[PDB]
$ cat target-v8.txt   # compact mmCIF, N, CA and C atoms
# COMPACT_ATOMS: atom_id res chain seq x y z
N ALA A 1 217.70 205.94 -31.83
CA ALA A 1 216.33 206.44 -31.81
C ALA A 1 216.24 207.72 -30.99
N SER A 2 215.21 208.52 -31.29
CA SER A 2 214.93 209.72 -30.52
C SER A 2 214.49 209.36 -29.11
N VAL A 3 214.76 210.27 -28.17
CA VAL A 3 214.47 210.00 -26.76
C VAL A 3 212.99 209.69 -26.55
N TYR A 4 212.10 210.43 -27.22
CA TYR A 4 210.68 210.15 -27.11
C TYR A 4 210.31 208.79 -27.69
N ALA A 5 211.13 208.26 -28.59
CA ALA A 5 210.88 206.96 -29.20
C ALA A 5 212.03 206.00 -28.92
N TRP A 6 212.47 205.97 -27.67
CA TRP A 6 213.63 205.16 -27.29
C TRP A 6 213.42 203.70 -27.68
N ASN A 7 214.46 203.10 -28.26
CA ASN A 7 214.38 201.72 -28.72
C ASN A 7 214.68 200.77 -27.58
N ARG A 8 213.98 199.63 -27.56
CA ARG A 8 214.17 198.61 -26.54
C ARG A 8 214.62 197.32 -27.21
N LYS A 9 215.76 196.79 -26.76
CA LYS A 9 216.30 195.53 -27.24
C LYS A 9 216.32 194.53 -26.09
N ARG A 10 215.81 193.33 -26.35
CA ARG A 10 215.76 192.28 -25.34
C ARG A 10 217.00 191.40 -25.45
N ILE A 11 217.65 191.17 -24.32
CA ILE A 11 218.84 190.33 -24.23
C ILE A 11 218.47 189.08 -23.44
N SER A 12 218.78 187.91 -24.00
CA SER A 12 218.45 186.66 -23.34
C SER A 12 219.28 185.53 -23.96
N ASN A 13 219.37 184.43 -23.21
CA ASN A 13 220.03 183.20 -23.64
C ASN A 13 221.41 183.47 -24.25
N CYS A 14 222.25 184.15 -23.47
CA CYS A 14 223.58 184.51 -23.93
C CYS A 14 224.46 184.81 -22.73
N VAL A 15 225.77 184.83 -22.98
CA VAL A 15 226.77 185.17 -21.97
C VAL A 15 227.14 186.63 -22.12
N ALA A 16 227.04 187.39 -21.04
CA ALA A 16 227.27 188.83 -21.05
C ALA A 16 228.61 189.10 -20.37
N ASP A 17 229.63 189.39 -21.18
CA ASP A 17 230.96 189.76 -20.68
C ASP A 17 230.96 191.27 -20.45
N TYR A 18 230.48 191.67 -19.27
CA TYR A 18 230.34 193.09 -18.96
C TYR A 18 231.67 193.81 -18.90
N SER A 19 232.79 193.08 -18.80
CA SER A 19 234.10 193.73 -18.79
C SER A 19 234.27 194.63 -20.01
N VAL A 20 233.96 194.10 -21.20
CA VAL A 20 234.03 194.85 -22.45
C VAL A 20 233.40 196.23 -22.29
N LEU A 21 232.38 196.34 -21.44
CA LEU A 21 231.75 197.63 -21.20
C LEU A 21 232.51 198.44 -20.16
N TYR A 22 232.74 197.86 -18.97
CA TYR A 22 233.32 198.66 -17.90
C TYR A 22 234.83 198.78 -17.98
N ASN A 23 235.48 198.04 -18.88
CA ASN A 23 236.90 198.25 -19.16
C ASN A 23 237.13 199.14 -20.37
N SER A 24 236.07 199.52 -21.09
CA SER A 24 236.19 200.40 -22.24
C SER A 24 236.35 201.84 -21.78
N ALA A 25 237.15 202.60 -22.53
CA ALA A 25 237.34 204.02 -22.27
C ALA A 25 236.40 204.90 -23.10
N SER A 26 235.46 204.29 -23.82
CA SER A 26 234.58 205.02 -24.72
C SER A 26 233.38 205.64 -24.03
N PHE A 27 233.23 205.46 -22.72
CA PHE A 27 232.05 205.91 -21.99
C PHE A 27 232.44 206.99 -21.00
N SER A 28 231.70 208.09 -21.01
CA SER A 28 231.93 209.17 -20.06
C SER A 28 231.08 209.06 -18.80
N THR A 29 229.91 208.42 -18.89
CA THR A 29 229.06 208.18 -17.73
C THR A 29 228.72 206.70 -17.67
N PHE A 30 228.98 206.08 -16.52
CA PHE A 30 228.69 204.66 -16.30
C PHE A 30 228.26 204.51 -14.84
N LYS A 31 226.95 204.49 -14.60
CA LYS A 31 226.40 204.54 -13.25
C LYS A 31 225.40 203.41 -13.07
N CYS A 32 225.71 202.48 -12.17
CA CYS A 32 224.86 201.33 -11.91
C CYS A 32 224.17 201.50 -10.56
N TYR A 33 222.84 201.39 -10.57
CA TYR A 33 222.02 201.49 -9.37
C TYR A 33 221.56 200.09 -8.96
N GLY A 34 221.77 199.76 -7.69
CA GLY A 34 221.35 198.48 -7.16
C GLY A 34 222.30 197.33 -7.41
N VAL A 35 223.42 197.57 -8.10
CA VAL A 35 224.40 196.54 -8.43
C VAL A 35 225.75 197.23 -8.54
N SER A 36 226.82 196.45 -8.39
CA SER A 36 228.18 196.87 -8.69
C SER A 36 228.67 196.15 -9.94
N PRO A 37 229.14 196.89 -10.95
CA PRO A 37 229.44 196.27 -12.25
C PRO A 37 230.45 195.14 -12.19
N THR A 38 231.42 195.19 -11.27
CA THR A 38 232.39 194.10 -11.17
C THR A 38 231.68 192.78 -10.88
N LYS A 39 230.72 192.81 -9.95
CA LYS A 39 230.00 191.61 -9.54
C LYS A 39 229.03 191.11 -10.60
N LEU A 40 228.71 191.92 -11.62
CA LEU A 40 227.87 191.44 -12.71
C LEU A 40 228.45 190.19 -13.37
N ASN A 41 229.77 190.07 -13.42
CA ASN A 41 230.39 188.89 -14.00
C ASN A 41 230.01 187.62 -13.26
N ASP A 42 229.61 187.74 -11.99
CA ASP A 42 229.21 186.61 -11.15
C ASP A 42 227.70 186.50 -10.97
N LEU A 43 226.91 187.17 -11.80
CA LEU A 43 225.46 187.21 -11.61
C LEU A 43 224.73 186.82 -12.88
N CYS A 44 223.55 186.23 -12.69
CA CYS A 44 222.60 185.92 -13.75
C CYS A 44 221.30 186.68 -13.54
N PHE A 45 220.59 186.93 -14.64
CA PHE A 45 219.34 187.67 -14.59
C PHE A 45 218.36 187.03 -15.57
N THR A 46 217.07 187.25 -15.31
CA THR A 46 216.02 186.69 -16.15
C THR A 46 215.56 187.64 -17.24
N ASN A 47 215.84 188.93 -17.11
CA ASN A 47 215.41 189.94 -18.06
C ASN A 47 216.50 191.00 -18.18
N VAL A 48 216.94 191.26 -19.40
CA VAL A 48 217.85 192.36 -19.69
C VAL A 48 217.22 193.18 -20.81
N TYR A 49 217.03 194.47 -20.57
CA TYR A 49 216.34 195.37 -21.49
C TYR A 49 217.24 196.56 -21.76
N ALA A 50 217.92 196.55 -22.90
CA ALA A 50 218.77 197.66 -23.31
C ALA A 50 217.89 198.72 -23.98
N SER B 1 190.60 171.65 27.49
CA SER B 1 190.78 173.05 27.87
C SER B 1 191.09 173.22 29.35
N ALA B 2 190.92 172.17 30.16
CA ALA B 2 191.15 172.29 31.60
C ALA B 2 192.55 172.81 31.91
N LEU B 3 193.55 172.37 31.16
CA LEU B 3 194.93 172.79 31.37
C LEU B 3 195.30 174.02 30.55
N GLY B 4 194.30 174.83 30.18
CA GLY B 4 194.57 176.01 29.37
C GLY B 4 195.66 176.89 29.94
N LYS B 5 195.65 177.09 31.26
CA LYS B 5 196.65 177.94 31.90
C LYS B 5 198.06 177.51 31.52
N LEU B 6 198.32 176.20 31.47
CA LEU B 6 199.62 175.74 31.00
C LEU B 6 199.76 175.97 29.50
N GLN B 7 198.76 175.54 28.72
CA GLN B 7 198.85 175.62 27.27
C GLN B 7 199.16 177.04 26.81
N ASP B 8 198.38 178.00 27.31
CA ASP B 8 198.61 179.42 27.03
C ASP B 8 200.09 179.73 27.07
N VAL B 9 200.73 179.43 28.22
CA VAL B 9 202.15 179.73 28.40
C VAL B 9 202.93 179.24 27.19
N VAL B 10 202.86 177.92 26.94
CA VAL B 10 203.57 177.33 25.81
C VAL B 10 203.31 178.14 24.56
N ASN B 11 202.02 178.29 24.22
CA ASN B 11 201.65 178.98 22.99
C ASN B 11 202.36 180.32 22.90
N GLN B 12 202.26 181.11 23.98
CA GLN B 12 202.84 182.45 23.96
C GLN B 12 204.30 182.38 23.56
N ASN B 13 205.08 181.54 24.25
CA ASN B 13 206.50 181.44 23.94
C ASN B 13 206.67 181.14 22.46
N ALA B 14 205.99 180.10 21.98
CA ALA B 14 206.12 179.71 20.58
C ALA B 14 205.85 180.91 19.69
N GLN B 15 204.72 181.58 19.93
CA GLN B 15 204.34 182.72 19.11
C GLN B 15 205.48 183.72 19.05
N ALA B 16 206.00 184.09 20.23
CA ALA B 16 207.13 185.02 20.29
C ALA B 16 208.21 184.58 19.31
N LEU B 17 208.72 183.36 19.51
CA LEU B 17 209.79 182.85 18.67
C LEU B 17 209.43 182.99 17.20
N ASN B 18 208.21 182.58 16.84
CA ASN B 18 207.79 182.63 15.45
C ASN B 18 207.98 184.03 14.89
N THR B 19 207.45 185.04 15.60
CA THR B 19 207.60 186.41 15.13
C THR B 19 209.07 186.75 14.94
N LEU B 20 209.89 186.40 15.92
CA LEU B 20 211.33 186.62 15.81
C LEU B 20 211.86 186.04 14.51
N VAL B 21 211.53 184.77 14.23
CA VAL B 21 211.98 184.14 13.00
C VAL B 21 211.47 184.92 11.79
N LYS B 22 210.20 185.31 11.82
CA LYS B 22 209.66 186.04 10.68
C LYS B 22 210.29 187.41 10.53
N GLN B 23 210.87 187.96 11.61
CA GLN B 23 211.57 189.22 11.48
C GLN B 23 212.81 189.11 10.60
N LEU B 24 213.28 187.89 10.32
CA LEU B 24 214.38 187.71 9.38
C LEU B 24 213.95 187.91 7.93
N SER B 25 212.65 188.01 7.67
CA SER B 25 212.12 188.14 6.32
C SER B 25 211.82 189.59 5.95
N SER B 26 212.17 190.53 6.81
CA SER B 26 211.89 191.94 6.59
C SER B 26 213.13 192.70 6.14
N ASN B 27 212.92 193.67 5.24
CA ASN B 27 214.03 194.44 4.69
C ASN B 27 214.45 195.57 5.62
N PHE B 28 213.54 196.07 6.46
CA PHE B 28 213.78 197.18 7.38
C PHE B 28 214.29 198.42 6.66
N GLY B 29 213.99 198.56 5.37
CA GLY B 29 214.46 199.67 4.57
C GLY B 29 215.61 199.32 3.65
N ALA B 30 216.27 198.19 3.87
CA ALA B 30 217.32 197.73 2.98
C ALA B 30 216.74 197.35 1.62
N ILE B 31 217.64 196.98 0.70
CA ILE B 31 217.23 196.58 -0.65
C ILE B 31 216.95 195.09 -0.77
N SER B 32 217.18 194.32 0.29
CA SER B 32 216.87 192.89 0.30
C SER B 32 217.01 192.36 1.71
N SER B 33 216.12 191.44 2.09
CA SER B 33 216.14 190.87 3.43
C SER B 33 217.13 189.72 3.57
N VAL B 34 217.88 189.39 2.52
CA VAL B 34 218.87 188.32 2.57
C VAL B 34 220.25 188.96 2.54
N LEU B 35 221.03 188.73 3.60
CA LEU B 35 222.35 189.35 3.71
C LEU B 35 223.27 188.90 2.58
N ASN B 36 223.18 187.63 2.19
CA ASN B 36 224.04 187.11 1.13
C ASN B 36 223.82 187.85 -0.18
N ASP B 37 222.57 188.17 -0.50
CA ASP B 37 222.28 188.89 -1.74
C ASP B 37 222.89 190.29 -1.71
N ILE B 38 222.76 191.00 -0.59
CA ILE B 38 223.35 192.33 -0.49
C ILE B 38 224.86 192.26 -0.60
N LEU B 39 225.48 191.24 0.00
CA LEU B 39 226.93 191.10 -0.13
C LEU B 39 227.34 190.75 -1.55
N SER B 40 226.51 189.99 -2.27
CA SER B 40 226.83 189.59 -3.63
C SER B 40 226.51 190.67 -4.66
N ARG B 41 225.70 191.67 -4.30
CA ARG B 41 225.22 192.65 -5.26
C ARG B 41 225.84 194.03 -5.10
N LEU B 42 226.44 194.34 -3.95
CA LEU B 42 226.99 195.67 -3.71
C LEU B 42 228.41 195.57 -3.16
N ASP B 43 229.21 196.57 -3.49
CA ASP B 43 230.54 196.72 -2.92
C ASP B 43 230.43 197.31 -1.52
N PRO B 44 231.50 197.25 -0.72
CA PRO B 44 231.41 197.67 0.69
C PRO B 44 230.87 199.08 0.87
N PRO B 45 231.26 200.07 0.04
CA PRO B 45 230.79 201.46 0.29
C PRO B 45 229.31 201.60 0.61
N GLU B 46 228.43 200.87 -0.07
CA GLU B 46 227.00 200.93 0.22
C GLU B 46 226.45 199.65 0.83
N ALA B 47 227.13 198.52 0.62
CA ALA B 47 226.79 197.31 1.36
C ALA B 47 226.85 197.56 2.86
N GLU B 48 227.77 198.43 3.30
CA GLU B 48 227.86 198.74 4.72
C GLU B 48 226.59 199.43 5.21
N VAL B 49 226.06 200.37 4.43
CA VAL B 49 224.82 201.05 4.80
C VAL B 49 223.66 200.05 4.85
N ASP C 1 251.44 212.30 -2.27
CA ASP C 1 251.58 211.46 -3.45
C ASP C 1 251.25 212.32 -4.67
N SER C 2 252.21 212.50 -5.56
CA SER C 2 252.05 213.37 -6.71
C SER C 2 252.15 212.55 -7.99
N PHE C 3 251.32 212.89 -8.97
CA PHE C 3 251.38 212.28 -10.30
C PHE C 3 250.52 213.10 -11.26
N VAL C 4 250.35 212.57 -12.47
CA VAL C 4 249.64 213.24 -13.55
C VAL C 4 248.73 212.22 -14.23
N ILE C 5 247.50 212.63 -14.54
CA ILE C 5 246.55 211.77 -15.24
C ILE C 5 245.83 212.58 -16.31
N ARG C 6 244.84 211.98 -16.96
CA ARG C 6 243.96 212.69 -17.87
C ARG C 6 242.63 213.00 -17.18
N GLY C 7 241.95 214.03 -17.69
CA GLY C 7 240.78 214.56 -16.99
C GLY C 7 239.70 213.52 -16.75
N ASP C 8 239.41 212.70 -17.76
CA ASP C 8 238.34 211.71 -17.63
C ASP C 8 238.60 210.75 -16.47
N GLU C 9 239.86 210.54 -16.12
CA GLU C 9 240.24 209.62 -15.07
C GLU C 9 240.39 210.29 -13.71
N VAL C 10 240.17 211.60 -13.62
CA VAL C 10 240.26 212.29 -12.34
C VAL C 10 239.27 211.71 -11.35
N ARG C 11 238.09 211.33 -11.83
CA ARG C 11 237.08 210.69 -10.98
C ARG C 11 237.62 209.43 -10.31
N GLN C 12 238.55 208.73 -10.97
CA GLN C 12 239.06 207.49 -10.41
C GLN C 12 239.91 207.70 -9.16
N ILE C 13 240.35 208.93 -8.89
CA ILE C 13 241.16 209.21 -7.69
C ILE C 13 240.16 209.55 -6.59
N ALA C 14 239.63 208.49 -5.96
CA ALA C 14 238.64 208.59 -4.89
C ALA C 14 238.38 207.20 -4.32
N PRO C 15 237.98 207.10 -3.05
CA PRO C 15 237.73 205.77 -2.47
C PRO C 15 236.63 205.03 -3.21
N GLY C 16 236.80 203.72 -3.35
CA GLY C 16 235.76 202.89 -3.91
C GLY C 16 235.51 203.08 -5.39
N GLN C 17 236.49 203.60 -6.12
CA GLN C 17 236.37 203.81 -7.55
C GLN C 17 237.06 202.69 -8.32
N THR C 18 236.63 202.51 -9.57
CA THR C 18 237.18 201.51 -10.47
C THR C 18 237.62 202.19 -11.76
N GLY C 19 238.30 201.42 -12.61
CA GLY C 19 238.84 201.93 -13.85
C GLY C 19 240.33 201.64 -13.96
N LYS C 20 240.90 202.11 -15.07
CA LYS C 20 242.31 201.86 -15.35
C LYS C 20 243.21 202.38 -14.23
N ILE C 21 243.05 203.65 -13.87
CA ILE C 21 243.95 204.28 -12.90
C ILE C 21 243.82 203.62 -11.54
N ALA C 22 242.59 203.47 -11.05
CA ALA C 22 242.40 202.90 -9.72
C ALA C 22 242.89 201.46 -9.65
N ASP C 23 242.61 200.67 -10.68
CA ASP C 23 242.96 199.25 -10.61
C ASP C 23 244.45 199.02 -10.82
N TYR C 24 245.07 199.75 -11.76
CA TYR C 24 246.41 199.43 -12.22
C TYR C 24 247.45 200.48 -11.88
N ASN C 25 247.05 201.69 -11.48
CA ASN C 25 248.00 202.78 -11.34
C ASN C 25 248.05 203.36 -9.93
N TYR C 26 246.90 203.66 -9.33
CA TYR C 26 246.89 204.31 -8.02
C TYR C 26 245.53 204.08 -7.37
N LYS C 27 245.52 203.43 -6.21
CA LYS C 27 244.29 203.02 -5.54
C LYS C 27 244.26 203.61 -4.14
N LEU C 28 243.21 204.38 -3.85
CA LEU C 28 242.97 204.87 -2.50
C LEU C 28 242.23 203.83 -1.66
N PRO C 29 242.47 203.80 -0.35
CA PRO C 29 241.71 202.90 0.52
C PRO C 29 240.26 203.33 0.66
N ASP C 30 239.40 202.35 0.95
CA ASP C 30 237.97 202.62 1.05
C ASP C 30 237.68 203.58 2.20
N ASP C 31 238.43 203.46 3.30
CA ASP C 31 238.31 204.36 4.44
C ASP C 31 239.35 205.48 4.41
N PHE C 32 239.75 205.92 3.22
CA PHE C 32 240.81 206.91 3.10
C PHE C 32 240.46 208.19 3.84
N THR C 33 241.43 208.73 4.57
CA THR C 33 241.31 210.02 5.22
C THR C 33 242.40 210.94 4.67
N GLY C 34 242.01 212.12 4.23
CA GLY C 34 242.96 213.06 3.67
C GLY C 34 242.36 213.78 2.49
N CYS C 35 243.17 214.58 1.82
CA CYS C 35 242.68 215.47 0.77
C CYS C 35 243.28 215.11 -0.58
N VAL C 36 242.50 215.35 -1.63
CA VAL C 36 242.93 215.17 -3.01
C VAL C 36 242.80 216.50 -3.72
N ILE C 37 243.86 216.93 -4.40
CA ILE C 37 243.90 218.21 -5.09
C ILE C 37 244.34 217.96 -6.52
N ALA C 38 243.59 218.50 -7.47
CA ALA C 38 243.85 218.25 -8.88
C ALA C 38 243.58 219.52 -9.68
N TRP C 39 244.43 219.78 -10.67
CA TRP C 39 244.22 220.96 -11.51
C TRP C 39 244.77 220.70 -12.90
N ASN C 40 244.16 221.37 -13.88
CA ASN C 40 244.56 221.22 -15.27
C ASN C 40 245.99 221.70 -15.48
N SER C 41 246.70 221.02 -16.39
CA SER C 41 248.09 221.33 -16.69
C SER C 41 248.34 221.33 -18.19
N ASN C 42 247.33 221.70 -18.98
CA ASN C 42 247.47 221.68 -20.43
C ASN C 42 248.57 222.62 -20.90
N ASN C 43 248.67 223.81 -20.30
CA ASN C 43 249.68 224.77 -20.70
C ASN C 43 251.10 224.28 -20.43
N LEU C 44 251.27 223.31 -19.54
CA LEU C 44 252.59 222.87 -19.10
C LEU C 44 253.00 221.51 -19.63
N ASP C 45 252.08 220.55 -19.69
CA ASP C 45 252.42 219.17 -20.00
C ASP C 45 252.09 218.76 -21.43
N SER C 46 251.48 219.64 -22.22
CA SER C 46 251.10 219.32 -23.58
C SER C 46 252.12 219.88 -24.57
N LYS C 47 252.29 219.17 -25.68
CA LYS C 47 253.19 219.58 -26.75
C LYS C 47 252.48 219.46 -28.09
N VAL C 48 252.85 220.35 -29.02
CA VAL C 48 252.23 220.35 -30.34
C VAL C 48 252.41 219.00 -31.02
N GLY C 49 253.60 218.41 -30.90
CA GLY C 49 253.87 217.09 -31.43
C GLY C 49 253.44 215.94 -30.55

$ encode --input "target-v8.txt" --output "structure tokens"
Amino acid sequence: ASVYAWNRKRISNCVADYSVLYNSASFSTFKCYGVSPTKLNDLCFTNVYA
Amino acid sequence: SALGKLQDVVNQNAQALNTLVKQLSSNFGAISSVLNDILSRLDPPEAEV
Amino acid sequence: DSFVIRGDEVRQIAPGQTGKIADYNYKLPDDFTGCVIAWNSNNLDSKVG
């Protein structure tokens, strides 16, 4: 989607293997604020909004 | 109320302690007032700050 | 300590970094003291084949 019409996807009731993201070489920018991505594997959340 | 002079003393001490305990609930500028959460959410580079 | 990497992974040569190079190839200490110097070597290390 266009930036002015950014799409929002809700993530819930699932297991998030964040390794697939932070072990991938397909990303040039990967910046997490307020969290460290390694520790995401040990964390749960009530709302995920991609 | 006759023994107020004694009661006051007690109360004051208690009050002090209470505030001290409640000071554990303040972030003081951090991102969370619970040390365990900061240790579980950040790596040392910024967890130290 | 001398070696060669690819440009995208140059960021990984720094304290508190993650990725392929830092985790599996070369890891600096979090309190590292010293200098890191890096420069492109396309003219020298690349081959047509």

$ interface_residues --input "target-v8.txt" --of "chain A" --to "chain C" --cutoff "8 Å" --atoms "only C-alpha atoms" --output "tab-separated table (two decimals) with N, CA and C atoms, keeping the file's coordinate frame"
chain	number	residue	atom	x	y	z
A	22	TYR	N	232.74	197.86	-18.97
A	22	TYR	CA	233.32	198.66	-17.90
A	22	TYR	C	234.83	198.78	-17.98
A	23	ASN	N	235.48	198.04	-18.88
A	23	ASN	CA	236.90	198.25	-19.16
A	23	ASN	C	237.13	199.14	-20.37
A	28	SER	N	231.70	208.09	-21.01
A	28	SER	CA	231.93	209.17	-20.06
A	28	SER	C	231.08	209.06	-18.80

$ interface_residues --input "target-v8.txt" --of "chain C" --to "chain B" --cutoff "8 Å" --atoms "all atoms listed in the file" --output "compact mmCIF listing (two decimals) with N, CA and C atoms, in the frame of the given file"
# COMPACT_ATOMS: atom_id res chain seq x y z
N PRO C 15 237.98 207.10 -3.05
CA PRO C 15 237.73 205.77 -2.47
C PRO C 15 236.63 205.03 -3.21
N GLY C 16 236.80 203.72 -3.35
CA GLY C 16 235.76 202.89 -3.91
C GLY C 16 235.51 203.08 -5.39
N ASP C 30 239.40 202.35 0.95
CA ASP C 30 237.97 202.62 1.05
C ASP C 30 237.68 203.58 2.20

$ atom_distance --input "target-v8.txt" --atom1 "atom C of residue A:50" --atom2 "atom C of residue A:26"
17.0 Å

$ select_by_dssp --input "target-v8.txt" --residues "chain B" --states "alpha helix (DSSP H)" --output "PyMOL selection string"
chain B and resi 4-22+35-41+44-47

$ interface_residues --input "target-v8.txt" --of "chain B" --to "chain A" --cutoff "12 Å" --atoms "only C-alpha atoms" --output "compact mmCIF listing (two decimals) with N, CA and C atoms, in the coordinates of the input"
# COMPACT_ATOMS: atom_id res chain seq x y z
N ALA B 30 216.27 198.19 3.87
CA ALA B 30 217.32 197.73 2.98
C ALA B 30 216.74 197.35 1.62
N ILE B 31 217.64 196.98 0.70
CA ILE B 31 217.23 196.58 -0.65
C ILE B 31 216.95 195.09 -0.77
N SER B 32 217.18 194.32 0.29
CA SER B 32 216.87 192.89 0.30
C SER B 32 217.01 192.36 1.71
N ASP B 37 222.57 188.17 -0.50
CA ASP B 37 222.28 188.89 -1.74
C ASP B 37 222.89 190.29 -1.71
N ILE B 38 222.76 191.00 -0.59
CA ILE B 38 223.35 192.33 -0.49
C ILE B 38 224.86 192.26 -0.60
N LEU B 39 225.48 191.24 0.00
CA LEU B 39 226.93 191.10 -0.13
C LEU B 39 227.34 190.75 -1.55
N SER B 40 226.51 189.99 -2.27
CA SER B 40 226.83 189.59 -3.63
C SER B 40 226.51 190.67 -4.66
N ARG B 41 225.70 191.67 -4.30
CA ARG B 41 225.22 192.65 -5.26
C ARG B 41 225.84 194.03 -5.10
N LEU B 42 226.44 194.34 -3.95
CA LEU B 42 226.99 195.67 -3.71
C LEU B 42 228.41 195.57 -3.16
N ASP B 43 229.21 196.57 -3.49
CA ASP B 43 230.54 196.72 -2.92
C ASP B 43 230.43 197.31 -1.52
N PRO B 44 231.50 197.25 -0.72
CA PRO B 44 231.41 197.67 0.69
C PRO B 44 230.87 199.08 0.87
N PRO B 45 231.26 200.07 0.04
CA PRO B 45 230.79 201.46 0.29
C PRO B 45 229.31 201.60 0.61
N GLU B 46 228.43 200.87 -0.07
CA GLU B 46 227.00 200.93 0.22
C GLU B 46 226.45 199.65 0.83
N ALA B 47 227.13 198.52 0.62
CA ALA B 47 226.79 197.31 1.36
C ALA B 47 226.85 197.56 2.86

$ residues_around --input "target-v8.txt" --residues "residue A:46" --least-positions-apart "3" --cutoff "8 Å" --atoms "all atoms listed in the file" --output "PyMOL selection string"
chain A and resi 11-13+49

$ closest_residue --input "target-v8.txt" --among "A:47, A:41, A:24, A:32" --to "residue A:10" --atoms "only C-alpha atoms"
A:47

$ residues_around --input "target-v8.txt" --residues "residue C:5" --least-positions-apart "4" --cutoff "10 Å" --atoms "only C-alpha atoms" --output "VMD selection string"
chain C and resid 9 to 10 12 to 13 21 25 38 40 to 41

$ atom_distance --input "target-v8.txt" --atom1 "atom CA of residue C:27" --atom2 "atom CA of residue C:14"
8.0 Å

$ atom_distance --input "target-v8.txt" --atom1 "atom N of residue B:4" --atom2 "atom CA of residue B:20"
25.2 Å

$ decode --input "target-v8.txt" --residues "stretch 10-29 of chain B" --atoms "N, CA and C atoms" --output "short mmCIF file (atom, residue, chain, number, x, y, z; two decimals), in the first residue's frame"
data_model
loop_
_atom_site.label_atom_id
_atom_site.label_comp_id
_atom_site.auth_asym_id
_atom_site.auth_seq_id
_atom_site.Cartn_x
_atom_site.Cartn_y
_atom_site.Cartn_z
N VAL B 10 4.49 7.52 66.10
CA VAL B 10 4.25 6.28 65.37
C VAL B 10 3.82 6.60 63.95
N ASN B 11 2.74 7.37 63.83
CA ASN B 11 2.18 7.68 62.52
C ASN B 11 3.27 8.19 61.59
N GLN B 12 4.04 9.17 62.06
CA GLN B 12 5.06 9.78 61.22
C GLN B 12 5.96 8.70 60.65
N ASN B 13 6.53 7.86 61.52
CA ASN B 13 7.43 6.82 61.06
C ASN B 13 6.75 6.00 59.98
N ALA B 14 5.54 5.50 60.28
CA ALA B 14 4.82 4.67 59.32
C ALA B 14 4.73 5.40 57.99
N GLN B 15 4.25 6.65 58.03
CA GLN B 15 4.07 7.42 56.81
C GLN B 15 5.37 7.43 56.01
N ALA B 16 6.48 7.77 56.67
CA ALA B 16 7.78 7.77 56.01
C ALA B 16 7.97 6.47 55.25
N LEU B 17 7.92 5.35 55.97
CA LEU B 17 8.14 4.05 55.36
C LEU B 17 7.24 3.88 54.15
N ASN B 18 5.95 4.20 54.31
CA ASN B 18 5.00 4.02 53.22
C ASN B 18 5.50 4.73 51.96
N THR B 19 5.86 6.01 52.10
CA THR B 19 6.35 6.75 50.94
C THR B 19 7.54 6.04 50.32
N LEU B 20 8.49 5.61 51.17
CA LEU B 20 9.64 4.86 50.69
C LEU B 20 9.19 3.68 49.84
N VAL B 21 8.25 2.88 50.36
CA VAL B 21 7.76 1.74 49.60
C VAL B 21 7.14 2.20 48.29
N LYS B 22 6.34 3.26 48.34
CA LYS B 22 5.71 3.73 47.11
C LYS B 22 6.73 4.28 46.13
N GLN B 23 7.91 4.69 46.61
CA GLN B 23 8.94 5.13 45.68
C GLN B 23 9.44 4.00 44.79
N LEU B 24 9.15 2.74 45.14
CA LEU B 24 9.48 1.63 44.26
C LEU B 24 8.56 1.54 43.05
N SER B 25 7.47 2.31 43.02
CA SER B 25 6.50 2.27 41.94
C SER B 25 6.72 3.37 40.91
N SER B 26 7.81 4.12 41.03
CA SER B 26 8.10 5.23 40.14
C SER B 26 9.18 4.88 39.13
N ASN B 27 9.02 5.40 37.91
CA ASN B 27 9.96 5.09 36.83
C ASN B 27 11.21 5.96 36.90
N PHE B 28 11.10 7.15 37.49
CA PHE B 28 12.20 8.11 37.59
C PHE B 28 12.80 8.45 36.24
N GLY B 29 12.03 8.31 35.16
CA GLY B 29 12.51 8.54 33.82
C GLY B 29 12.82 7.29 33.04
#
